[PDB]
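Remarks on the structure that follows.
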Amino acid sequence: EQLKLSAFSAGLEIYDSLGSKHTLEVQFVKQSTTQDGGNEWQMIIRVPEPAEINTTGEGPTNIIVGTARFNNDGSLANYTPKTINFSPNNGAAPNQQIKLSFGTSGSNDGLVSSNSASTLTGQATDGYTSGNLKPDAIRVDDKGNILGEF
Amino acid sequence: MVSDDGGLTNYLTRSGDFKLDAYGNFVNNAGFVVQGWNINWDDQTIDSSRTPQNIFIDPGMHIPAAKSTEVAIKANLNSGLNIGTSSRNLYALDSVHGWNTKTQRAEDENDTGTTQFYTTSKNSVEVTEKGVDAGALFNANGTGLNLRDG
Amino acid sequence: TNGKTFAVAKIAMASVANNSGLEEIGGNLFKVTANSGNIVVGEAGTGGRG
Amino acid sequence: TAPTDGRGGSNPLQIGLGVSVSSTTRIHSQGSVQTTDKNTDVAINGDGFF
Numbered sequence: 602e603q604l605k606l607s608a609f610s611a612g613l614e615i616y617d618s619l620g621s622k623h624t625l626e627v628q629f630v631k632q633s634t635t636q637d638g639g640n641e642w643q644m645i646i647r648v649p650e651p652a653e654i655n656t657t658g659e660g661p662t663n664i665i666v667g668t669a670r671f672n673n674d675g676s677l678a679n680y681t682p683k684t685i686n687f688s689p690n691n692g693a694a695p696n697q698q699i700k701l702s703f704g705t706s707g708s709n710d711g712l713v714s715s716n717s718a719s720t721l722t723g724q725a726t727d728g729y730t731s732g733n734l735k736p737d738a739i740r741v742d743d744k745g746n747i748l749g750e751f
Numbered sequence: 102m103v104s105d106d107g108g109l110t111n112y113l114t115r116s117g118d119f120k121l122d123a124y125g126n127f128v129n130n131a132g133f134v135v136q137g138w139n140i141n142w143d144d145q146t147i148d149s150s151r152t153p154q155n156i157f158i159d160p161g162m163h164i165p166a167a168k169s170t171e172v173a174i175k176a177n178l179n180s181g182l183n184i185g186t187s188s189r190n191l192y193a194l195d196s197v198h199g200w201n202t203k204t205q206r207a208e209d210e211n212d213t214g215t216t217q218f219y220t221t222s223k224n225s226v227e228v229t230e231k232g233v234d235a236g237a238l239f240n241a242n243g244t245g246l247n248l249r250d251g
Numbered sequence: 752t753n754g755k756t757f758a759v760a761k762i763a764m765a766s767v768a769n770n771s772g773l774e775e776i777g778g779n780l781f782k783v784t785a786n787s788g789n790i791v792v793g794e795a796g797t798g799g800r801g
Numbered sequence: 052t053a054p055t056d057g058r059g060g061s062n063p064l065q066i067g068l069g070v071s072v073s074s075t076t077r078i079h080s081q082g083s084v085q086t087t088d089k090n091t092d093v094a095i096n097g098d099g100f101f
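Just so you know, the protein sequences line up as chains G, S, X and B, in that order. Position 73, counted from 1, in the first sequence is what PDB author numbering calls 674; the numbers after and before it change by one each time, with no gaps. Position 120, counted from 1, in the second sequence is what PDB author numbering calls 221; the numbers after and before it change by one each time, with no gaps. Position 26, counted from 1, in the third sequence is what PDB author numbering calls 777; the numbers after and before it change by one each time, with no gaps. Position 42, counted from 1, in the fourth sequence is what PDB author numbering calls 93; the numbers after and before it change by one each time, with no gaps.
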C-alpha cells in the first residue's frame, strides 16, 4: 500500500566571477531515527548539466550526497559537507569555493527540526553584478566627497 | 588647491567651476586639475590621511562582479507524525541482497554511504537501493506508522 | 493591409563621455570634438541610456 | 582641446546667435462628423481624397 517518507526541498542563488546567477537545488530526506537526536537527513545538492561540483568517484558530476543530524531537542548537531567546489564551466573563473552555512552546532540559528510543518526561511549571500558609472549624474555633497551612481 | 603638475606647485582659489573632461581628470576652467584623493577599489574606501593627488574619475569606471562565497539558510523540518504531501516515494529495491541486477557489481546496501543512482523512466537521475529504518515510514496520508520496540 | 503588422525598422542612439564638451552647429545639430568623446553607438535602453 | 602638459581638456567656446523657422507641418488626423439632410454629401471615413 504505497509506502512513502518525509522530505523537504529548496533552491538557492549563487554568483560567478562573471556577474550571473545560478540556483542550486537542495533535497532533504529523513531516512532514520537514531538514538538520541533521532533525526538523520541525507542531503542532496544539484546543478544543471553544464556546471560541475564534486571531485570524483560517486559520481555523477552534478550531485553532492552529504548528510545532516539534529540533536535531541531540534537543535542542530552537525552537517556535512561544509563546503562546495563549483566550476560554472562558462568562461567564468573555475573552481569557485562556496562554503554553505546552516548554523552553529547546538543552536536555533540554522536548520532546526520541529514537530511543525517544514518551510524555508531566509536566504542571503555575497555578490553583485558588474556595473558602470553614468557621467551625466554626479553630485558633490557637503564635506566634499564626490558621489557617483552606477 | 590646484596644480598644473603632480601637485608640486599648488595654487589656491575660492572659485569653483569644476567639471569633467572627456578624460577622467576633474578640471576647472582653463587647465588645472583640482587636488584631492581617489578611492581604492580593493577596499571600496577613501584614504584621506595621505597627501593629495590629482583627482581622476575615469568616465568608464567598471566594477568587477563579486563572487558569492557563502550561503545561509534558516528552516524548520517536521520530524513529527503529520506530513502532508511533503513526501517522497520509498527507494526501489531490485537487488536480491547487496547486488544490483542492472550493474552486476556487488555493492551491499544499508551502508548509509556509497549511495547509488540510476537514470529514470523519464531521464532524471535518482537514488536506488537504499534501505530505510522502517521507523520513519509514513503511509499515503502522510501519517506516521509510528512503529516501535518489539 | 494584410492582417499582419511587422516591425519594419529600428532606431539607434548614442552617448558621449562628455556632454557640453561637444561643439554646436546651426540647426539643432551637435558635433563630436576633442574634450568630448567618441559616439559609442548602442540600443535604445541598455547601455545606461534612456 | 585635449589634455596636454599637465593640464586637463577644455570646452569649445562658441557663442550661438539667433533662432529661425525650419518648417511648418500639416497634420492629418480624422475629424468629427455631423449628419446633414442632403443625400449627396459624402465624407470619407479613413484615408484618400476626392
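C-beta atoms are modelled at their ideal positions from N, C-alpha and C, and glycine is treated no differently.
query                                                                                                                                                          : result
Assuming S/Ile156 is part of the beta strand (DSSP E), what are its boundary residues?                                                                         : Counting along the chain, S/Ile156 falls outside any beta strand (DSSP E), and DSSP gives it neither H nor E.
Rounding to the nearest angstrom, what Cα-Cα distance links S/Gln136 and X/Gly772 in this structure?                                                           : 22 Å
Does any C-beta atom of chain S lie closer than 9 Å to the C-beta of B/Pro54?                                                                                  : yes
What's the C-alpha gap between B/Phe101 and B/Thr86?                                                                                                           : 19 Å
Run through the DSSP bridge pairs and tell me what S/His163 is partnered with.                                                                                 : G/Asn733
Does the beta-carbon distance from S/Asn190 to G/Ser719 come in below 9 Å?                                                                                     : no
Counting only beta-carbon atoms, is B/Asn96 nearer than 9 Å to chain S?                                                                                        : no
Which residues of chain S have a Cβ atom closer than 7 Å to the Cβ of X/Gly799, listed in chain order?                                                         : Per Cβ cutoff of 7 Å: no residues; X/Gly799 is ~11 Å from chain S at best.
On a CA-only basis, which of G/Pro689, G/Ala694 and G/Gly639 is nearest G/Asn663? Give me that one, please.                                                    : G/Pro689
Is there a Cβ from chain C that is less than 9 Å from the Cβ of B/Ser74?                                                                                       : As a matter of chain content, chain C is missing from the structure shown, whose protein chains are G, S, X and B.
What does a CB cutoff of less than 8 Å around residue 753 of chain G pick up in its chain, not counting 5 residues either side in sequence?                    : Residue 753 of chain G lies beyond the stretch modelled for chain G, which goes from 602 to 751, so this question has no answer here.
Please list the residues of the stretch 768–781 of chain X that have a C-beta atom closer than 9 Å to any C-beta atom in chain G, keeping them in chain order. : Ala768, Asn769 and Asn770
To which residues of the same chain is B/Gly69 closer than 8 Å at the C-beta, ignoring the five residues directly before and after it?                         : none
Name the chain X residues that come within less than 8 Å of S/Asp118, Cβ to Cβ?                                                                                : Result: empty, since nearest Cβ-Cβ is about 12 Å, beyond 8 Å.
In angstroms with no decimal places, state the Cα-to-Cα distance between B/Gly59 and X/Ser787.                                                                 : 12 Å
Please state the DSSP three-state secondary structure of S/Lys231.                                                                                             : coil
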